[PDB]
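**Student:** Before anything else, here's the structure in question.
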Amino acid sequence: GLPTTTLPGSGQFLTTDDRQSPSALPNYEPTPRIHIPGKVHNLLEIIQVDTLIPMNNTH
Amino acid sequence: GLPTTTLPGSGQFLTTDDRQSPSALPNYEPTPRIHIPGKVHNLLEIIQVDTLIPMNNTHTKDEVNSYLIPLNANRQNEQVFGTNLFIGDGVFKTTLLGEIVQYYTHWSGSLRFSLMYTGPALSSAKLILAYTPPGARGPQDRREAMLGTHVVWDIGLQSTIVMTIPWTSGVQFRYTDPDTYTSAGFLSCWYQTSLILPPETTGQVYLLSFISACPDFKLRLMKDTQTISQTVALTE
Amino acid sequence: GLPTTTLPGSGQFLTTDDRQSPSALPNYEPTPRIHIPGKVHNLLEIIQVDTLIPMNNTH
Amino acid sequence: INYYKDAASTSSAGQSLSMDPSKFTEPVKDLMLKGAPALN
Amino acid sequence: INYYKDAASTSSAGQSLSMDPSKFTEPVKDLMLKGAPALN
Amino acid sequence: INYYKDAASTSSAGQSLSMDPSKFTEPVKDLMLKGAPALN
Amino acid sequence: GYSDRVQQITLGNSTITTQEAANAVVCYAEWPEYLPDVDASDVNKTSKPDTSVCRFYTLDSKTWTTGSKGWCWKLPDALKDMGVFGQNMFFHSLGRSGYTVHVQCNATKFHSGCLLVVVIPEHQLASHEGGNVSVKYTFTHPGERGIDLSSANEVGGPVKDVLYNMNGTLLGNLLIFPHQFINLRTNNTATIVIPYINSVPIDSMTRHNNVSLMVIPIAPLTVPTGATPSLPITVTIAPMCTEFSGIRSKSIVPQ
Amino acid sequence: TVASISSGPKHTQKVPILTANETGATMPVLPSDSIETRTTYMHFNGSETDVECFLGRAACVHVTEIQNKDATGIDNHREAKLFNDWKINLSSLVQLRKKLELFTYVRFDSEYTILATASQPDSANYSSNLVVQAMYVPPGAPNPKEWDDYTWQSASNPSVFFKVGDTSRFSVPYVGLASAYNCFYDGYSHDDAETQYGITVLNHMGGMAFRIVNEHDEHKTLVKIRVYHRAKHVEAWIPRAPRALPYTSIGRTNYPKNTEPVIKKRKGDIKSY
Amino acid sequence: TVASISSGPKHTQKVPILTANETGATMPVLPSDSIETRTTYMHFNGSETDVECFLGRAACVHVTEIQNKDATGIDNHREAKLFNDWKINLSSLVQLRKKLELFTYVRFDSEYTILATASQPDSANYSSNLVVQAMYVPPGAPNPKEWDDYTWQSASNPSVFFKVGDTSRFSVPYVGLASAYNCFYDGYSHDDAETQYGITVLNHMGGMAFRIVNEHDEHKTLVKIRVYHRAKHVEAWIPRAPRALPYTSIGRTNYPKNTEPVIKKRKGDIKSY
Amino acid sequence: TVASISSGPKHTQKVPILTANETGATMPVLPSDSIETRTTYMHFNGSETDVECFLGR
Ligand SMILES: Cc1cc(CCCCCCCOc2ccc(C3=N[C@@H](C)CO3)cc2)on1
Ligand SMILES: Cc1cc(CCCCCCCOc2ccc(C3=N[C@@H](C)CO3)cc2)on1
């Protein structure tokens, strides 16, 4: 038995933390990926495509 | 004392997790293993053995007779049997294949459907078996049936014919449990010419039919079977 | 602070488990061992010595 | 890392990755070749 | 260190650091050079 | 790994794997050979 | 000119010839063999009567008729009275054996009918009473007579319902067990070689049967016109690699 | 990395700012093509706009509720919330939904966190300590009828037991049947004249069942379950226009009638600032 | 790995699709023996169908119950559930049972999880905190008579103490007397004319005893014990036909009389789709 | 480790089964001194009978 101390924050759930978890479906094999045109990696990729501005807002 | 933090999920019991535990019987020595023929390693090993399909489901109480598909002498053009291919339900459901498929949520792969003929040796017959891939209705006459996957079977010395339902699919997995989107087709069988009995012989002859999975087959995402339930715990 | 998760069984006391514990008497020095004839290591050593059977149980 | 001394206390085993259906699908005494006639 | 056996159980992935807007911003068949006339 | 300083605090000992019943089963002064007569 | 079709099995002082076989099955792809030392527990040297016990015993014949439901024999029970095999059986504390089973049924090219011949390791039967009624000893030790699945329920006996294999499983799935069909149109015999299958290296031959052999008509017998409506079925079985151990006084068993 | 290079006066025949938008391209014009600039560096990587980051935080996807009470004489446990059940889905709540539907196909593993808290709205001596049991009931497997059916044995179906007030957490691999989940599907399950349209037919994920394991105490206890979902290992294809109108249904694109103008009207002219 | 190879038209004297099923073999026929195929790969290993995986998740194997109450004047603790006891066995509940009986002999280590929750069905000021003590009472060792006997000293018998609401977990090596556990046994314990038939005689595993260590408070507290069992290090021999009819008893194969047809009757002809 | 060695018929002047218990010894007689045995291995170490194990729970 190794001695430990727990710190403030133990047991909290922070929606933004990133840790490991047990898989509920041990050993399951996902469907293979096939190729699909159009993959997005960054939202910065798409905000460089121009779109129309409803400038004439007066309606 | 090393500082730690516990995460969400601490103390939970997940029936599917796999960790170490203390042994209650420290130092105990199990009985030696001896050799026993028959070891199974994968359920995929056993679903390749074929078993009989109660195709003739039309009875009213379970009987040996629902395994027998009858054949009539001298009929021409007509249809011997029909079934959809929901392997998790209907005729398939009690077969070993059907029975295992039901422990999983998704299946993919080819099926092997064979028919063994049992009529007198001096008789003869030519049958057509047809697989209709998803998208069309169960065929209504041989003309319709013969335009899809089919095998003309010539009854001979070689007693069985093995038809394969090759995996025809957009989506790479189908649910075992009857899904529409995910549906697999129909299987029908018709006289190609007709059964002919020798003299001094009479009546119906029967075909036995089996189902097993090709080596192609995949099953995934285990779950509980609708095939067994209970209302109170059993006792001795 | 290192992230941990506790499993089912935490806090249980199993009379048969074998782990480390803090010594209540830090630094104490036990009496030296001297030699004593007769040490037993296995119960298998002693069940090979024969003893009498009350076979005539009829009293 | 096993934390415990006994073998029963270790986690689940790891995939056989054995797989040989022939004891079940082809237990015939004289070998059958696919394509050759079943009964000669 | 992964403590678990399955890949789904690992933490979040790490930045694509891929980034190539041209499939979205310039899907034209004949290449356009900035500075050259748009329509020749 | 011992986490503690004192020897009493370590876990159970490990199997003697000593085993010698002769101090108990054959404490005779003159050695007896199985097969030879007990009393000569 | 060898065919899968003709075969000869010579075992001891007895030989079988079939001119219309359909290959032969060797359970789980293993052939009977003696008990290796590495697997041994009892320290007794065993007795291997060899050719006096490893020969072919032909049990009494059955009659397949249009109403037959199927028959069931248990091993080593069925042989409990055959020659020196049987004596050895009652006289040693433990014994072990594999078998060659040869089921015979010939007809003509006008008959139809198809039997399933299957070997089930550890076939624990069910009581027809339900609940937790047991199946008495005598009932599961029919001897050479075997059990006739078309006989009536008796008290303390097993259930004899064929669509359920005498245990709550469907007839259709018996095909997962080593088996062979006899289809009058193809076949006239079935042969299965059974290796010794148990969770212990050697066992008692009287308190535990380790396989049931089952012959079940599946496509009903259909004879040519004005033929007699029945065929006999004969079962011949030979112990192979038999070993007996722990000899003594000679067991006395119920009934 | 430079964010802007240094550039000076220009008097050319080479005009990068005149283009033809009819072509469908967005020409990569920069400040330095039309004013004189000075060098500046980016100092930034675009880390927090990665799709893994964008879809990778836990979002509340479902709130349900079950109660612990005497089931004696209840003819319909399901109906008494003696054990509710949820038709797993990821569009019931909208914050996360709008985020996912920025893409057409999406592929990811899920990490679920389940928080359970108890309420005792009417007179109790105390707060009891209840254990929740959430089961995964994929489609084809017996679905629970009473709060203590054989189903709950869950011998082949993953289930987690945790305490009310605590949280349970586990992660499920990408269970889709295809290569990606369809965020949209302009199809049917078959060519039927009346079959439903949409993805409802495709996103057949089965449901998840919750119950309290405890028998009843003298008072009643309301337990409210909140399921959170975090995408990990994200892959997204084909960006689409963001959702403008409100949502009305799980799985259809339908918007409400007599909705309100979504573009803010100017208080003034086109010319107004 | 290829799932299908490419294969084209055939006009041969070599027919792989004609066989003789009377032989007992299932000939390994493939799609490419009878249609023209294209290459495709498996992309799959069959991981989740390994028997270790199939039998390796926890299943509920037993639910019992004990209560904490004043034993004053109780003539039969066992009978007051002052301490229940369970005749260890693995066929009392059926989900896991059907799974195991797909095999004839099975060998594995067990991992037990024991969840205990408390109920206070009638008026209590509070919820007390009880410690459960589960003992392993193998056959030949004194079995408890009162809830506080010398037996509970358990000086040589493994016992675990945990709190109600919590879970206890430990793992026991394969304790079978033979090389495997018999899932079936067509024998008797001896050649007796009336001895019981089955495995009941073979699966002599002894029982496990639970009790609350706490003395009594003023109210009564019901504690319900659920034992979960997970097989680890699995080895299975000789596959058998799956169970079709319902079960009636621990350890016998017996099915109920006037049971219902287990094969679904067609709504239509043999010819129906 | 062998639990029993193989041993066959004996007709000797060397009798290991006759002893004099008055001496206080327990002579180490085995099955193979008085019946015909076959080889078998122990498959066991005597781990759980160690005194550390016996007094260690
Ligand atoms: C205990 C326990 C409980 C569980 C649940 C297992 C998780 C199964 C759910 C699988 C993921 O479900 C979905 C559903 C919809 C979508 C989706 N719909 C579109 C808008 C986009 O994505 C993705 C995943 O597992 N163990
Ligand atoms: C505290 C504490 C409590 C315990 C219990 C020890 C475990 C003993 C149980 C051993 C495993 O029991 C069985 C019973 C039956 C079967 C079985 N029956 C057949 C259907 C198949 O397997 C297998 C294991 O240990 N420490």
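Identifiers in the structure tokens: chain A, B, ... in order shown; residue index from 1 per chain; ligand index from 1 in order shown.
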Taking only C-alpha atoms into account, what are the residues of chain I at most 7 Å from chain B, put as a VMD selection string?

**Tutor:** chain I and resid 3 17 to 21 26 30 to 31 46 48 to 51 57 to 58 92 to 95 158 169 to 172 174 to 175 177 to 179 236 to 238 241 to 242 248 to 251 261 to 266 269 to 273

**Student:** Would you mind exporting the chosen residues as a PDB file, in the first residue's frame, restricted to C-alpha atoms?

**Tutor:**
ATOM      1  CA  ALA I   3     -12.328 -11.029 -47.183  1.00  0.00           C
ATOM      2  CA  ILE I  17     -20.636 -26.214 -54.582  1.00  0.00           C
ATOM      3  CA  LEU I  18     -21.845 -29.859 -54.877  1.00  0.00           C
ATOM      4  CA  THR I  19     -21.148 -31.758 -51.662  1.00  0.00           C
ATOM      5  CA  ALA I  20     -22.508 -34.671 -49.556  1.00  0.00           C
ATOM      6  CA  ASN I  21     -23.658 -33.345 -46.110  1.00  0.00           C
ATOM      7  CA  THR I  26     -19.359 -28.226 -43.441  1.00  0.00           C
ATOM      8  CA  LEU I  30     -17.207 -18.918 -50.338  1.00  0.00           C
ATOM      9  CA  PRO I  31     -18.993 -16.289 -52.420  1.00  0.00           C
ATOM     10  CA  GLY I  46     -12.922 -11.173 -34.325  1.00  0.00           C
ATOM     11  CA  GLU I  48     -15.015  -9.457 -29.261  1.00  0.00           C
ATOM     12  CA  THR I  49     -16.135 -12.990 -29.903  1.00  0.00           C
ATOM     13  CA  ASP I  50     -13.130 -14.493 -28.116  1.00  0.00           C
ATOM     14  CA  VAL I  51     -14.497 -16.711 -25.318  1.00  0.00           C
ATOM     15  CA  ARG I  57     -17.962  -9.203 -18.054  1.00  0.00           C
ATOM     16  CA  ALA I  58     -19.623  -9.168 -14.621  1.00  0.00           C
ATOM     17  CA  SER I  92     -29.579 -19.649 -10.159  1.00  0.00           C
ATOM     18  CA  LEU I  93     -30.014 -16.685 -12.573  1.00  0.00           C
ATOM     19  CA  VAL I  94     -30.305 -17.391 -16.266  1.00  0.00           C
ATOM     20  CA  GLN I  95     -28.732 -14.705 -18.428  1.00  0.00           C
ATOM     21  CA  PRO I 158     -11.359 -15.690   4.008  1.00  0.00           C
ATOM     22  CA  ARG I 169     -14.308  -7.020  -4.777  1.00  0.00           C
ATOM     23  CA  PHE I 170     -11.857  -9.847  -4.637  1.00  0.00           C
ATOM     24  CA  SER I 171     -11.061 -12.771  -6.984  1.00  0.00           C
ATOM     25  CA  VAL I 172     -10.937 -16.503  -6.235  1.00  0.00           C
ATOM     26  CA  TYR I 174     -10.439 -21.841 -10.067  1.00  0.00           C
ATOM     27  CA  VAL I 175     -11.524 -23.991  -7.111  1.00  0.00           C
ATOM     28  CA  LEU I 177     -11.786 -30.485  -7.954  1.00  0.00           C
ATOM     29  CA  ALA I 178     -11.249 -31.736 -11.587  1.00  0.00           C
ATOM     30  CA  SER I 179      -9.489 -30.094 -14.521  1.00  0.00           C
ATOM     31  CA  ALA I 236     -14.008 -23.786 -22.708  1.00  0.00           C
ATOM     32  CA  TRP I 237     -14.328 -27.213 -24.379  1.00  0.00           C
ATOM     33  CA  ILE I 238     -16.948 -28.944 -26.534  1.00  0.00           C
ATOM     34  CA  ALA I 241     -26.721 -26.697 -28.904  1.00  0.00           C
ATOM     35  CA  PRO I 242     -28.023 -23.482 -27.188  1.00  0.00           C
ATOM     36  CA  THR I 248     -36.873 -24.958 -13.963  1.00  0.00           C
ATOM     37  CA  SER I 249     -34.070 -25.991 -11.591  1.00  0.00           C
ATOM     38  CA  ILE I 250     -30.435 -25.294 -10.604  1.00  0.00           C
ATOM     39  CA  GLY I 251     -28.446 -28.137 -12.073  1.00  0.00           C
ATOM     40  CA  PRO I 261     -43.711 -23.799 -29.213  1.00  0.00           C
ATOM     41  CA  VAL I 262     -40.273 -22.190 -29.370  1.00  0.00           C
ATOM     42  CA  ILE I 263     -40.146 -21.963 -33.185  1.00  0.00           C
ATOM     43  CA  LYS I 264     -42.242 -18.955 -34.466  1.00  0.00           C
ATOM     44  CA  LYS I 265     -45.030 -20.117 -36.777  1.00  0.00           C
ATOM     45  CA  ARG I 266     -45.192 -18.449 -40.148  1.00  0.00           C
ATOM     46  CA  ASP I 269     -47.141 -20.235 -46.307  1.00  0.00           C
ATOM     47  CA  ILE I 270     -43.842 -21.967 -46.623  1.00  0.00           C
ATOM     48  CA  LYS I 271     -43.768 -19.758 -49.713  1.00  0.00           C
ATOM     49  CA  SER I 272     -44.287 -16.506 -47.741  1.00  0.00           C
ATOM     50  CA  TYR I 273     -41.649 -13.779 -47.431  1.00  0.00           C
TER      51      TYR I 273
END

**Student:** Residues of chain A that have any atom at most 6 Å from an atom of chain B: could you tabulate them with the shortest-distance atom pair and the distance in Å to one decimal, using only C-alpha atoms, ordered by chain and increasing number, as a Markdown table?

**Tutor:**
| residue | atom | partner | partner_atom | distance |
| --- | --- | --- | --- | --- |
| A:3 | CA | B:1 | CA | 4.9 |
| A:4 | CA | B:2 | CA | 4.6 |
| A:5 | CA | B:3 | CA | 4.8 |
| A:6 | CA | B:4 | CA | 4.8 |
| A:7 | CA | B:5 | CA | 5.6 |
| A:10 | CA | B:6 | CA | 4.6 |
| A:11 | CA | B:6 | CA | 5.2 |
| A:13 | CA | B:8 | CA | 5.6 |
| A:24 | CA | B:16 | CA | 5.8 |

**Student:** Distance limit 7 Å, reference ligand 2, atoms considered: only C-alpha atoms and all ligand atoms. Which residues make the cut? Give them as a PDB file with N, CA, C and O atoms, in the first residue's frame.

**Tutor:**
ATOM      1  N   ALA B  24      -8.711 -14.014  -2.734  1.00  0.00           N
ATOM      2  CA  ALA B  24      -9.218 -14.428  -1.426  1.00  0.00           C
ATOM      3  C   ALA B  24      -8.481 -15.669  -0.905  1.00  0.00           C
ATOM      4  O   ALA B  24      -8.419 -15.748   0.324  1.00  0.00           O
TER       5      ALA B  24
ATOM      6  N   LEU C  14     -10.178  -7.364   3.672  1.00  0.00           N
ATOM      7  CA  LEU C  14     -10.280  -8.805   3.290  1.00  0.00           C
ATOM      8  C   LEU C  14      -9.343  -9.542   4.210  1.00  0.00           C
ATOM      9  O   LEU C  14      -8.106  -9.268   4.069  1.00  0.00           O
TER      10      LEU C  14
ATOM     11  N   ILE I  88     -23.490 -21.211  -2.794  1.00  0.00           N
ATOM     12  CA  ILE I  88     -22.794 -20.796  -4.025  1.00  0.00           C
ATOM     13  C   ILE I  88     -23.118 -21.717  -5.177  1.00  0.00           C
ATOM     14  O   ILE I  88     -23.135 -22.943  -5.049  1.00  0.00           O
ATOM     15  N   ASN I  89     -23.341 -21.092  -6.285  1.00  0.00           N
ATOM     16  CA  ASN I  89     -23.808 -21.781  -7.475  1.00  0.00           C
ATOM     17  C   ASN I  89     -23.824 -20.739  -8.572  1.00  0.00           C
ATOM     18  O   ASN I  89     -23.754 -19.541  -8.308  1.00  0.00           O
ATOM     19  N   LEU I  90     -23.926 -21.141  -9.812  1.00  0.00           N
ATOM     20  CA  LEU I  90     -23.791 -20.147 -10.903  1.00  0.00           C
ATOM     21  C   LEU I  90     -24.876 -20.281 -11.952  1.00  0.00           C
ATOM     22  O   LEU I  90     -24.782 -19.684 -13.036  1.00  0.00           O
ATOM     23  N   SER I  91     -25.867 -21.068 -11.606  1.00  0.00           N
ATOM     24  CA  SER I  91     -27.031 -21.306 -12.485  1.00  0.00           C
ATOM     25  C   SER I  91     -28.340 -20.812 -11.878  1.00  0.00           C
ATOM     26  O   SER I  91     -29.425 -21.063 -12.396  1.00  0.00           O
ATOM     27  N   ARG I  97     -26.282 -18.096 -17.220  1.00  0.00           N
ATOM     28  CA  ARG I  97     -26.375 -19.570 -17.376  1.00  0.00           C
ATOM     29  C   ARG I  97     -26.449 -19.997 -18.801  1.00  0.00           C
ATOM     30  O   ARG I  97     -25.729 -20.954 -19.248  1.00  0.00           O
ATOM     31  N   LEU I 100     -22.924 -19.802 -20.343  1.00  0.00           N
ATOM     32  CA  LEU I 100     -21.986 -20.835 -19.979  1.00  0.00           C
ATOM     33  C   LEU I 100     -22.356 -22.181 -20.596  1.00  0.00           C
ATOM     34  O   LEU I 100     -21.463 -23.002 -20.850  1.00  0.00           O
ATOM     35  N   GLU I 101     -23.646 -22.418 -20.763  1.00  0.00           N
ATOM     36  CA  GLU I 101     -24.021 -23.839 -21.146  1.00  0.00           C
ATOM     37  C   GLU I 101     -23.946 -24.028 -22.627  1.00  0.00           C
ATOM     38  O   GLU I 101     -24.529 -24.968 -23.158  1.00  0.00           O
ATOM     39  N   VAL I 106     -15.786 -26.028 -18.511  1.00  0.00           N
ATOM     40  CA  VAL I 106     -15.357 -24.542 -18.582  1.00  0.00           C
ATOM     41  C   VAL I 106     -14.379 -24.414 -17.490  1.00  0.00           C
ATOM     42  O   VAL I 106     -14.543 -25.176 -16.464  1.00  0.00           O
ATOM     43  N   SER I 110     -12.538 -16.545 -10.896  1.00  0.00           N
ATOM     44  CA  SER I 110     -13.729 -15.719 -10.747  1.00  0.00           C
ATOM     45  C   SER I 110     -13.358 -14.422 -10.127  1.00  0.00           C
ATOM     46  O   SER I 110     -12.509 -14.449  -9.212  1.00  0.00           O
ATOM     47  N   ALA I 134     -19.070 -10.739   4.745  1.00  0.00           N
ATOM     48  CA  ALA I 134     -19.424 -11.932   3.956  1.00  0.00           C
ATOM     49  C   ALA I 134     -18.352 -12.979   4.195  1.00  0.00           C
ATOM     50  O   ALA I 134     -17.175 -12.716   4.007  1.00  0.00           O
ATOM     51  N   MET I 135     -18.714 -14.171   4.612  1.00  0.00           N
ATOM     52  CA  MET I 135     -17.682 -15.209   4.879  1.00  0.00           C
ATOM     53  C   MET I 135     -17.723 -16.306   3.865  1.00  0.00           C
ATOM     54  O   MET I 135     -18.766 -16.607   3.300  1.00  0.00           O
ATOM     55  N   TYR I 136     -16.606 -16.928   3.629  1.00  0.00           N
ATOM     56  CA  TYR I 136     -16.624 -18.068   2.722  1.00  0.00           C
ATOM     57  C   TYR I 136     -16.705 -19.303   3.573  1.00  0.00           C
ATOM     58  O   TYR I 136     -15.780 -19.639   4.297  1.00  0.00           O
ATOM     59  N   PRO I 158     -11.497 -17.085   4.506  1.00  0.00           N
ATOM     60  CA  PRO I 158     -11.359 -15.690   4.008  1.00  0.00           C
ATOM     61  C   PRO I 158     -12.610 -14.924   4.247  1.00  0.00           C
ATOM     62  O   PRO I 158     -13.639 -15.457   3.851  1.00  0.00           O
ATOM     63  N   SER I 159     -12.518 -13.753   4.866  1.00  0.00           N
ATOM     64  CA  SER I 159     -13.852 -12.938   4.907  1.00  0.00           C
ATOM     65  C   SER I 159     -13.543 -11.509   4.567  1.00  0.00           C
ATOM     66  O   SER I 159     -12.342 -11.093   4.670  1.00  0.00           O
ATOM     67  N   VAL I 160     -14.439 -10.725   3.962  1.00  0.00           N
ATOM     68  CA  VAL I 160     -14.283  -9.366   3.592  1.00  0.00           C
ATOM     69  C   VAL I 160     -15.318  -8.497   4.420  1.00  0.00           C
ATOM     70  O   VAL I 160     -16.501  -8.996   4.362  1.00  0.00           O
ATOM     71  N   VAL I 172     -11.245 -15.151  -6.834  1.00  0.00           N
ATOM     72  CA  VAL I 172     -10.937 -16.503  -6.235  1.00  0.00           C
ATOM     73  C   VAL I 172     -10.373 -17.336  -7.361  1.00  0.00           C
ATOM     74  O   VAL I 172     -10.884 -17.184  -8.496  1.00  0.00           O
ATOM     75  N   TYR I 174      -9.524 -20.726  -9.675  1.00  0.00           N
ATOM     76  CA  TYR I 174     -10.439 -21.841 -10.067  1.00  0.00           C
ATOM     77  C   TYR I 174     -10.381 -22.930  -8.988  1.00  0.00           C
ATOM     78  O   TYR I 174      -9.365 -23.650  -8.921  1.00  0.00           O
ATOM     79  N   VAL I 175     -11.441 -23.042  -8.148  1.00  0.00           N
ATOM     80  CA  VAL I 175     -11.524 -23.991  -7.111  1.00  0.00           C
ATOM     81  C   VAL I 175     -12.109 -25.349  -7.454  1.00  0.00           C
ATOM     82  O   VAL I 175     -12.379 -26.120  -6.453  1.00  0.00           O
ATOM     83  N   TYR I 181     -14.760 -27.326 -14.745  1.00  0.00           N
ATOM     84  CA  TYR I 181     -16.069 -27.452 -14.044  1.00  0.00           C
ATOM     85  C   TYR I 181     -16.990 -28.182 -15.002  1.00  0.00           C
ATOM     86  O   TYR I 181     -16.840 -27.789 -16.226  1.00  0.00           O
ATOM     87  N   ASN I 182     -17.819 -29.112 -14.610  1.00  0.00           N
ATOM     88  CA  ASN I 182     -18.712 -29.735 -15.653  1.00  0.00           C
ATOM     89  C   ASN I 182     -19.949 -28.815 -15.795  1.00  0.00           C
ATOM     90  O   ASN I 182     -20.622 -28.669 -14.708  1.00  0.00           O
ATOM     91  N   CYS I 183     -20.231 -28.316 -16.952  1.00  0.00           N
ATOM     92  CA  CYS I 183     -21.485 -27.635 -17.197  1.00  0.00           C
ATOM     93  C   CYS I 183     -22.603 -28.705 -17.250  1.00  0.00           C
ATOM     94  O   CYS I 183     -23.783 -28.251 -17.056  1.00  0.00           O
ATOM     95  N   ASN I 203     -20.868 -30.185  -8.372  1.00  0.00           N
ATOM     96  CA  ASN I 203     -20.580 -28.746  -8.156  1.00  0.00           C
ATOM     97  C   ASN I 203     -20.736 -28.380  -6.716  1.00  0.00           C
ATOM     98  O   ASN I 203     -21.468 -27.447  -6.346  1.00  0.00           O
ATOM     99  N   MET I 205     -19.618 -26.752  -4.150  1.00  0.00           N
ATOM    100  CA  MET I 205     -18.754 -25.603  -3.888  1.00  0.00           C
ATOM    101  C   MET I 205     -18.859 -25.013  -2.500  1.00  0.00           C
ATOM    102  O   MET I 205     -18.071 -24.147  -2.106  1.00  0.00           O
ATOM    103  N   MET I 208     -21.727 -19.265   1.006  1.00  0.00           N
ATOM    104  CA  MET I 208     -21.094 -18.011   1.425  1.00  0.00           C
ATOM    105  C   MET I 208     -22.063 -17.296   2.361  1.00  0.00           C
ATOM    106  O   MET I 208     -23.243 -17.149   2.065  1.00  0.00           O
TER     107      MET I 208
END

**Student:** Which residues are near segment 152-162 of chain G? Cut-off 8 Å, only C-alpha atoms, ignore same chain within fewer than 6 positions. Put them as a list in words.

**Tutor:**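 The neighbour list is residues 64 of chain B; 69, 70, 125, 126, 127, 128, 129, 133, 134, 135, 136, 139, 140 and 171 of chain G.
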
**Student:** Mind checking which residues fall within 10 Å of residue 32 of chain E, counting only C-alpha atoms, ignoring those fewer than 4 positions away in the same chain, and posting them as an MDAnalysis selection string?

**Tutor:** (chainID E and resid 26 28 36:39) or (chainID H and resid 19 23 25 27)

**Student:** Using the selection just defined, write its residues with N, CA and C atoms as a short mmCIF file (atom, residue, chain, number, x, y, z; two decimals), in the first residue's frame.

**Tutor:**
data_model
loop_
_atom_site.label_atom_id
_atom_site.label_comp_id
_atom_site.auth_asym_id
_atom_site.auth_seq_id
_atom_site.Cartn_x
_atom_site.Cartn_y
_atom_site.Cartn_z
N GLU E 26 -10.52 27.69 -52.88
CA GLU E 26 -10.10 27.68 -54.24
C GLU E 26 -10.29 26.34 -54.90
N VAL E 28 -11.16 25.72 -57.76
CA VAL E 28 -11.36 25.91 -59.21
C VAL E 28 -10.54 24.92 -60.01
N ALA E 36 -2.69 38.04 -61.55
CA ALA E 36 -3.06 37.81 -62.97
C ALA E 36 -4.56 38.09 -63.05
N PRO E 37 -5.04 38.47 -64.21
CA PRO E 37 -6.45 38.68 -64.46
C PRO E 37 -7.28 37.44 -64.11
N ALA E 38 -8.41 37.64 -63.51
CA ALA E 38 -9.35 36.56 -63.19
C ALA E 38 -9.85 35.87 -64.45
N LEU E 39 -10.32 36.69 -65.38
CA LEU E 39 -10.88 36.08 -66.64
C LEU E 39 -10.05 36.68 -67.77
N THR H 19 -10.91 40.79 -58.82
CA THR H 19 -11.10 39.35 -59.13
C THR H 19 -12.41 39.09 -59.75
N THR H 23 -16.48 32.80 -60.05
CA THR H 23 -15.70 31.57 -60.25
C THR H 23 -15.88 30.62 -59.09
N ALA H 25 -14.20 31.03 -56.26
CA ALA H 25 -13.00 31.01 -55.36
C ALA H 25 -13.01 32.11 -54.38
N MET H 27 -10.21 34.37 -53.39
CA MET H 27 -8.79 34.72 -53.61
C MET H 27 -8.15 35.22 -52.35
#

**Student:** Define the interface residues of chain E facing chain H as those within 6 Å, counting only C-alpha atoms, and report them as a ChimeraX atom specification.

**Tutor:** /E:8-9,12-13,25-26,34-35,38

**Student:** Output N, CA and C atoms for every residue in that selection, as a short mmCIF file (atom, residue, chain, number, x, y, z; two decimals), in the first residue's frame.

**Tutor:**
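Contents of part.cif, as written:
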data_model
loop_
_atom_site.label_atom_id
_atom_site.label_comp_id
_atom_site.auth_asym_id
_atom_site.auth_seq_id
_atom_site.Cartn_x
_atom_site.Cartn_y
_atom_site.Cartn_z
N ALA E 8 -10.39 3.75 -27.40
CA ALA E 8 -11.44 4.77 -27.22
C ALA E 8 -11.20 5.35 -25.87
N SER E 9 -10.29 4.68 -25.16
CA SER E 9 -10.35 5.14 -23.71
C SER E 9 -9.32 6.16 -23.48
N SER E 12 -8.09 13.10 -25.31
CA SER E 12 -8.38 13.86 -26.55
C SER E 12 -7.17 13.78 -27.46
N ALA E 13 -7.43 13.97 -28.76
CA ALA E 13 -6.40 13.83 -29.74
C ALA E 13 -5.32 14.81 -29.90
N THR E 25 -11.59 27.22 -50.26
CA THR E 25 -11.46 28.59 -50.83
C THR E 25 -11.08 28.67 -52.27
N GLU E 26 -10.52 27.69 -52.88
CA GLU E 26 -10.10 27.68 -54.24
C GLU E 26 -10.29 26.34 -54.90
N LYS E 34 -2.98 35.00 -58.10
CA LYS E 34 -3.38 36.40 -57.58
C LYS E 34 -2.67 37.47 -58.32
N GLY E 35 -3.33 38.40 -59.02
CA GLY E 35 -2.40 39.45 -59.66
C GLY E 35 -2.57 39.26 -61.14
N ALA E 38 -8.41 37.64 -63.51
CA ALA E 38 -9.35 36.56 -63.19
C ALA E 38 -9.85 35.87 -64.45
#
